[PDB]
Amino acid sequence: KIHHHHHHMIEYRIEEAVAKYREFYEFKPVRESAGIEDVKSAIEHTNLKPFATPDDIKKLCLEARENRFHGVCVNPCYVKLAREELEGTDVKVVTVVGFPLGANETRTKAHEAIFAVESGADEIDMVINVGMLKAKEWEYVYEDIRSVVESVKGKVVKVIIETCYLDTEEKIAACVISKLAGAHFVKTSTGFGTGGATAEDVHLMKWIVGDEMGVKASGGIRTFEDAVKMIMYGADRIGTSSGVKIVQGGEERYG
C-alpha cells in the first residue's frame, strides 16, 4: 500500500512534467559553441568493448592523461587497473552497472556498484530497466535506481535511460524518476542499442532535470562537431571512445 501510494505519487510527478513539456517546451540551444578545453573537460574517454584487453585500458588511460580528459570509463573488471594506471592524477574512473541491458536483478546492480567503488570507481553509470519503464512500473524503476544510488551514497550515479528504445513520455518519465531517486546525472545511451545521442533528446532531458542535475550525451559521438553540438544543447559530459580524434578535429578545424 506504501509502494502503490508511491507509484501513484510518481505517476503524478511524471504527468506534471509531461503537462509542462506540452505547454512550455521549446527546442533551442543552451549555450553558444564550446571550445577545445571545454570539450576535453567534458569527455569521459571510454572503452567498454567486450574484447578490450589490459593493454587497451593502459592505452585509454595514457590518452586521458595526455589529453587531460575528465575521466575514463571502463567495464567493471578493469576498474582496479584504471585506478592503478591513473594513481596521482585527477582523471576520474567511471564504470558501468547493469550494462548495457539494464535487466539484472536490482540487488545485482546494487552489489556491482558497491564492488565498483571498493575497486576504486569514482562514478557509476547504471542502466535503467527499460522494459519495466515501458510497462509503466514506476515504483520498480524507482527502487532499482534508488538501490544503486543508496548503495554508493556520496558517489556520482548516472542513469542511462537508453533513448533509442523510448518515446517522448518515457524519456520524460525516466528523467523524473532518476531525479526523484537521487541520481546526479541522466545519460542518453549505452552505445549498444539501436541509436545514440541526439541534440533533441539531450535538450529535452536537460530541460526536464534542470541545472542541478547533469546530462551525459553518449553513443555515436565521433567528432568535435558532435561533441560541440551536444554541449550546445545541454550536455555537461560526453561519453565517447573517440576522444583522441575529437581533440584532433577540434585542433585542425577550429584551433
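Numbers follow the displayed sequence, beginning with 1.
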| property | result |
| --- | --- |
| 81-89 or 98-106, whichever carries the higher mean Cα B-factor | 81-89 |
| Which of 64-72 and 27-35 has higher mean CA B factor, as the PDB entry lists it | 27-35 |
| Out of 171, 153, 179, 158, residue topping the C-alpha B-factor column of the entry | 153 |
| Maximum C-alpha temperature factor, selected from 216, 203, 45, 40 | 40 |
| Relative C-alpha B-factor of residue 212, binned into the chain's lowest, middle or highest third | highest |
| Position of residue 238 among the chain's modelled residues by C-alpha B-factor, lowest, middle or highest third | lowest |
| Chain thirds of CA B-factor: placement of residue 137 | highest |
| For residue 163, the third of its chain into which the C-alpha B factor falls | lowest |
